[PDB]
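The block underneath contains the structure these notes are about, expressed in structure tokens.
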Amino acid sequence: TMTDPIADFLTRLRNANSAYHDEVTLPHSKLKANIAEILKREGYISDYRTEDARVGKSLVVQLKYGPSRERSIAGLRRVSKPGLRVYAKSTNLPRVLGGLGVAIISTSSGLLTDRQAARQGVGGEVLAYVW
Amino acid sequence: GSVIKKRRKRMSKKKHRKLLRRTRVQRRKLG
Amino acid sequence: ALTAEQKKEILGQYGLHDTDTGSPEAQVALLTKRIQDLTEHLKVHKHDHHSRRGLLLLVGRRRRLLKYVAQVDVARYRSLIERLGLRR
Amino acid sequence: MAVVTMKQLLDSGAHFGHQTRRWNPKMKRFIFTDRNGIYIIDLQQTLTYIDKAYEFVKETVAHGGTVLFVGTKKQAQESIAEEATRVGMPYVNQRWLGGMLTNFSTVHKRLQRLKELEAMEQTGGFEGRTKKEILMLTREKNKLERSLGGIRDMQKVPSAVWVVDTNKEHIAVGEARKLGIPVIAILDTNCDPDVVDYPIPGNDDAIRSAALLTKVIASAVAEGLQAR
Amino acid sequence: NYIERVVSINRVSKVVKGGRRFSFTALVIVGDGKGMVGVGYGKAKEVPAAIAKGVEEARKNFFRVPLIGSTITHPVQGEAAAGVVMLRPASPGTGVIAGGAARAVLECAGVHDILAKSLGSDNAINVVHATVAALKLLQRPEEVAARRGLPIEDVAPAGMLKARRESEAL
RNA sequence: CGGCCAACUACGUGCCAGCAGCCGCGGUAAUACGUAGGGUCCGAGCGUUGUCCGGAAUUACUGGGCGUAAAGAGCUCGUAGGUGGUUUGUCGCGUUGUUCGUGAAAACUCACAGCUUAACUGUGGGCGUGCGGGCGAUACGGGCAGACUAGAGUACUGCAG
RNA sequence: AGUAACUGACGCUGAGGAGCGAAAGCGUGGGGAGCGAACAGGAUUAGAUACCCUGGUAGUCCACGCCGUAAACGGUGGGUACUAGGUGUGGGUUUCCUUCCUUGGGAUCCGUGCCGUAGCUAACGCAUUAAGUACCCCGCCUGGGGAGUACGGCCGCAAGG
């Protein structure tokens, strides 16, 4: 069955990115929408929107490609997963690509990046890495 | 995979089975 | 398997209302009838292992449904167990 | 800035392609309709691409550059040959020797030998040796001139390559890609758009469509040589 | 001025009816020590000739390493064939820390301070290929900011910006 | 003092005597044996043996694998366990922030000071990755009380074997 | 497969455990045409405990039970989602060429082959039926022999596992 919706979202993104698709659709949830917001604000995707599906709602994500058809996402990894979950204190927040990437962290103040969490002095669950 | 490994294993197995056959009554009487 | 009239009668008897067929009560009752029929059949054909596997599958499904009904509401579980003459 | 109109190449049959079975899924961008089991190429993309191809050819030849005309399929042989002759540009029509562009230094010796044998013909040394040797020499002359028709003007390298039916001449496109020379091609519905830089969607199996495209490119290079 | 590193010479042989025919293959690294490197693999019947072909092939294929001052931009891991080489930037004055093939490639490329480890397929050719694959995975911060359409400060940590400032001042 | 691995010649011997961590060297012309010149590395030390860690990503949490290299149970059902779709409210168990107590000294690390320097000694921080008490947050996991139908199953109508 | 009437997460995996599990073999009772281990002659051969020929007993068959192994192989554990296409073939629903006769063609769901991208792999190759991209659970591997052997134990009438 489906165990990790977040990992499934990340793999849909990765598979669409590798195939140079301009569009990826998935079932909607608040967590997926929030990490989509973080991705868009960090400039990793072009834009996203939510339609309505036959049963629930869908998530529509536009992938960003450069003028020479070069992908704007180099990698997407799921860090904390069902089973072995990962939590980081405000001081040992992970660095992605030596700071060139973004680590999404679920803190009690919402979804933040590693730099935002470090600035606000909070910890939480390390959802994923983007670079 | 090469059949050489199967040949080594089969020769070991064949020799062991021959040994078991040769001492069936002796094993039965000692056990 | 059961004919349409047997299914209709069992569903009318054990169903929660006059339309439901997927309630755990109705499913468990139908499974119990099917299992009894299969047991009678296998009492004659002892070497029908292929049908016995289907019997095992039905038994497992009924056990899972009863587990769900017990977890949801114990009173319904007790009522169903006493009404259908089951042990566990 | 289109020399030909939207009816010109349509009449030739530019919208024709190949069967749906032998199509390339990467060409769904320029595919407009499938009819009678064959794919119909949208011509609007063809126009908005041939204008850019014309512009690139103009800026390349105007800045002291040359283009190389490639076509080997019998449908588009005489067309490219006559266009290259009438604009005085290199061309290949018989057969692409594997490695003209990559192995340029070696194949230039063939042109040197052809010139030497033309000089020998001019001096008249057909009787000074054995008849078998002179016969074999004449055969070598014919083979070298026949296989290298438009190659006698290769000084440095072709600054661009114009090719018909990239599937047929995959070696030439691969050589350009290895060297990095830009390639301008008319891609059919079974071709790969990832290998060409300046595609012009259309049919190549028709003599008339390929002829019309060669007319267009020849006009571009001719006017560019006019504006040196 | 070009520096060269002949990292390995191997005597290969093919069998014929008469016997064995031995040739030589040399893997050569060519760089300028300023950020560009090239890898060549030449083969000939004589060692100097094979070295010459390797040198010309390495010079033909050149590739620029995204250095930042004296080290690479960020940690990378490159894999080619079964060879795995990991690279990690180091503070100035650390020096090159790598095995022979990786050390040759990095010193040719002009990297001065880096932590490099080989994690599989000790074969020199494949280790060199993996090192080149890792070096080809590096991204300059300006290109990263361009990809995401953000200012250079919103993408990179302040330490990288300070390092770039000091390097360009020097 | 062949290569790993800084540092080579001569004489004696010849499948011997011997050397050797591995690869392997001794068959009258050995840079591998023995001895002398020369050299290199260390130096009141220098080598050998024994034991532990590293190299070893070679038990792989960081950080490995299972078509043919070692590695998918002959196949199912199912117990304990592990794990779990969308959504509302609540708890604050996990998670996270802060604060107080504790985490002896010594040791380690940073700075300073005293032995003529150093080893060594002292002083002041840090460390003591943890645990206990109070207070704050509720994104995620979990619990509790609900809701939904895309998973799962039932019903009905046909169908092939 | 269609309708989607019903229930409303009731799902997945599964240590141990239970069941099924080719052939040969074993027990009791029948049957026994053909084939046929063993066993007899004949031939070939230097020798034929074989290949070939003529015979031929267990067995092969049936009833009821044991055994529990196989190159029990796709040498590929199960569930789920995503990632170019082309072309055969099996089962079912449907729109349009419509003769509606016709693999007419399309669309769709479920199987089963071939060829082929991206990607993966040491290579061979795999490639929407993954050996690709990921998540959950289980089994297993840690140089070759000794050895799947000895010892002990459990199961089995025994063979043996």
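Residue names in the structure tokens use chain letters A, B, ... in the order shown, residue numbers from 1 in each chain, and ligand numbers from 1 in the order shown.
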- Message: DSSP on the backbone, alpha helix (DSSP H) only: what residues of chain C does that give? Format it as a count of residues only.
- Response: 67
- Task: Using only C-alpha atoms (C1' of nucleotides), select each residue of chain F with any atom at most 12 Å away from an atom of chain A, and give the selection as a ChimeraX atom specification.
- Result: /F:61,82-87,92,94-98,136-141,148-152
- Name the residues in contact with residue 12 of chain C at a cut-off of 12 Å, using only C-alpha atoms (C1' of nucleotides), excluding same-chain residues fewer than 5 positions from it; report them as an MDAnalysis selection string. chainID C and resid 5:7 17:21 25:26 29:30
- Message: Which of segment 88-155 of chain E end up as strand (DSSP E or B) when DSSP is run on this backbone - answer as number ranges by chain?
- Response: E: 88-89, 96-97, 114-118
- Message: Between atom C1' of residue 108 of chain F and atom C1' of residue 124 of chain F, what distance in Å does the model show, to one decimal?
- Response: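 That distance, rounded to one decimal, is 15.9 Å.
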Output as a tab-separated table one row per residue of chain C within 8 Å of chain F: the closest atom pair and its distance in Å to one decimal place, counting only C-alpha atoms (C1' of nucleotides), sorted by chain and residue number ascending.
residue	atom	partner	partner_atom	distance
C:21	CA	F:155	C1'	5.6
C:22	CA	F:154	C1'	4.2
C:23	CA	F:154	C1'	7.5
C:27	CA	F:154	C1'	6.2
C:56	CA	F:77	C1'	7.0
C:57	CA	F:77	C1'	7.3
C:60	CA	F:78	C1'	7.7
- Task: Would you mind reading off the distance between atom CA of residue 194 of chain D and atom CA of residue 70 of chain D, one decimal, in Å?
- Result: 18.7 Å
For chain D, which residues have at least one atom within 8 Å of chain G, if we go by only C-alpha atoms (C1' of nucleotides)? Write them as a PDB file with N, CA and C atoms, in the first residue's frame, please.
ATOM      1  N   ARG D  21       3.184   4.138 -36.827  1.00  0.00           N
ATOM      2  CA  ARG D  21       4.009   3.149 -36.144  1.00  0.00           C
ATOM      3  C   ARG D  21       5.456   3.610 -36.040  1.00  0.00           C
ATOM      4  N   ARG D  22       6.006   4.150 -37.125  1.00  0.00           N
ATOM      5  CA  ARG D  22       7.411   4.528 -37.172  1.00  0.00           C
ATOM      6  C   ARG D  22       7.655   5.954 -36.707  1.00  0.00           C
ATOM      7  N   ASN D  24       8.340   9.157 -33.953  1.00  0.00           N
ATOM      8  CA  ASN D  24       9.172   9.437 -32.796  1.00  0.00           C
ATOM      9  C   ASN D  24       8.352  10.201 -31.772  1.00  0.00           C
ATOM     10  N   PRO D  25       8.179   9.682 -30.557  1.00  0.00           N
ATOM     11  CA  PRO D  25       7.355  10.396 -29.569  1.00  0.00           C
ATOM     12  C   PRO D  25       7.897  11.763 -29.191  1.00  0.00           C
ATOM     13  N   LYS D  26       9.179  12.036 -29.434  1.00  0.00           N
ATOM     14  CA  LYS D  26       9.709  13.360 -29.130  1.00  0.00           C
ATOM     15  C   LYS D  26       9.217  14.428 -30.095  1.00  0.00           C
TER      16      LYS D  26
END
- Distance query residue 41 of chain D at most 10 Å, only C-alpha atoms (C1' of nucleotides), self and fewer than 2 positions along chain excluded, as a PyMOL selection string: chain D and resi 13-17+27-34+38-39+43-46+188-189+201-203
- Return as a ChimeraX atom specification the residues belonging to chain G that are within 12 Å of chain E, counting only C-alpha atoms (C1' of nucleotides). /G:120-123
Return as CSV the residues of chain E lying at most 9 Å from chain A, together with the closest atom-to-atom pair for each and the distance in Å to one decimal, counting only C-alpha atoms, with rows in chain order and ascending residue number.
residue,atom,partner,partner_atom,distance
E:73,CA,A:98,CA,8.1
E:74,CA,A:98,CA,5.2
E:75,CA,A:97,CA,6.3
E:76,CA,A:97,CA,7.8
E:139,CA,A:100,CA,9.0
E:141,CA,A:100,CA,7.4
E:144,CA,A:100,CA,7.6
E:147,CA,A:72,CA,5.4
E:148,CA,A:43,CA,4.3
E:149,CA,A:43,CA,6.3
E:150,CA,A:43,CA,7.3
E:155,CA,A:100,CA,6.2
E:156,CA,A:100,CA,5.5
E:157,CA,A:99,CA,5.8
- For chain F, which residues have at least one atom within 12 Å of chain B, if we go by only C-alpha atoms (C1' of nucleotides)? Write them as a PyMOL selection string, please. chain F and resi 67-69
Mind writing the picked residues with C-alpha atoms (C1' of nucleotides) as a PDB file, in the first residue's frame?
ATOM      1  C1'   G F  67      19.314 -12.400 -12.332  1.00  0.00           C
ATOM      2  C1'   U F  68      24.635 -14.854 -13.757  1.00  0.00           C
ATOM      3  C1'   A F  69      30.121 -13.223  -8.627  1.00  0.00           C
TER       4        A F  69
END
- segment 6-20 of chain B: which residues within 12 Å, counting only C-alpha atoms (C1' of nucleotides), same-chain residues fewer than 2 positions away excluded, as a list in words? residues 1, 2, 3, 4, 22, 23, 24, 25, 26, 27 and 28 of chain B; 71, 145, 146, 147, 148, 149, 159 and 160 of chain G
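The space between atom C1' of residue 127 of chain F and atom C1' of residue 107 of chain F spans 11.4 Å.
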- Message: Could you work out which residues of chain F fall inside 12 Å of chain E? Count only C-alpha atoms (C1' of nucleotides), and format the result as number ranges by chain.
- Response: F: 56-57, 60, 63-64
- Task: Find the residues around residue 54 of chain D up to 12 Å (only C-alpha atoms (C1' of nucleotides) counted), leave out those fewer than 5 positions away in its own chain, and share them as an MDAnalysis selection string.
- Result: chainID D and resid 1:4 46:49 59:62 162 184:185 198:200 213:224
Which residues, written as an mmCIF file with N, CA, C and O atoms, in the first residue's frame, have at least one atom at most 7 Å from residue 37 of chain E, with only C-alpha atoms (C1' of nucleotides) counted and residues fewer than 3 positions away on the same chain left out?
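Below you can see around-v8.cif, which holds the result:
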data_model
loop_
_atom_site.group_PDB
_atom_site.id
_atom_site.type_symbol
_atom_site.label_atom_id
_atom_site.label_comp_id
_atom_site.auth_asym_id
_atom_site.auth_seq_id
_atom_site.Cartn_x
_atom_site.Cartn_y
_atom_site.Cartn_z
ATOM 1 N N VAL E 30 46.427 16.184 -17.819
ATOM 2 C CA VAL E 30 46.979 17.458 -18.255
ATOM 3 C C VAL E 30 46.125 18.573 -17.674
ATOM 4 O O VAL E 30 44.894 18.524 -17.755
ATOM 5 N N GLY E 31 46.776 19.569 -17.085
ATOM 6 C CA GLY E 31 46.071 20.739 -16.603
ATOM 7 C C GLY E 31 47.009 21.923 -16.571
ATOM 8 O O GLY E 31 48.194 21.815 -16.889
ATOM 9 N N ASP E 32 46.458 23.068 -16.181
ATOM 10 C CA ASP E 32 47.233 24.287 -16.030
ATOM 11 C C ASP E 32 47.412 24.698 -14.579
ATOM 12 O O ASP E 32 48.101 25.684 -14.309
ATOM 13 N N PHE E 62 39.167 19.295 -22.494
ATOM 14 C CA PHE E 62 39.410 20.154 -21.350
ATOM 15 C C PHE E 62 38.096 20.479 -20.658
ATOM 16 O O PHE E 62 37.033 20.514 -21.283
ATOM 17 N N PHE E 63 38.184 20.714 -19.354
ATOM 18 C CA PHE E 63 37.002 20.871 -18.521
ATOM 19 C C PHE E 63 37.385 21.715 -17.316
ATOM 20 O O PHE E 63 38.433 21.483 -16.708
ATOM 21 N N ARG E 64 36.551 22.697 -16.988
ATOM 22 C CA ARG E 64 36.870 23.693 -15.974
ATOM 23 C C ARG E 64 36.247 23.315 -14.638
ATOM 24 O O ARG E 64 35.047 23.035 -14.562
ATOM 25 N N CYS E 108 46.559 18.640 -10.879
ATOM 26 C CA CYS E 108 46.513 19.173 -12.232
ATOM 27 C C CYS E 108 45.424 20.226 -12.369
ATOM 28 O O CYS E 108 45.629 21.265 -13.006
ATOM 29 N N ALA E 109 44.261 19.984 -11.767
ATOM 30 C CA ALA E 109 43.146 20.914 -11.869
ATOM 31 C C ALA E 109 43.376 22.200 -11.094
ATOM 32 O O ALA E 109 42.585 23.137 -11.243
#
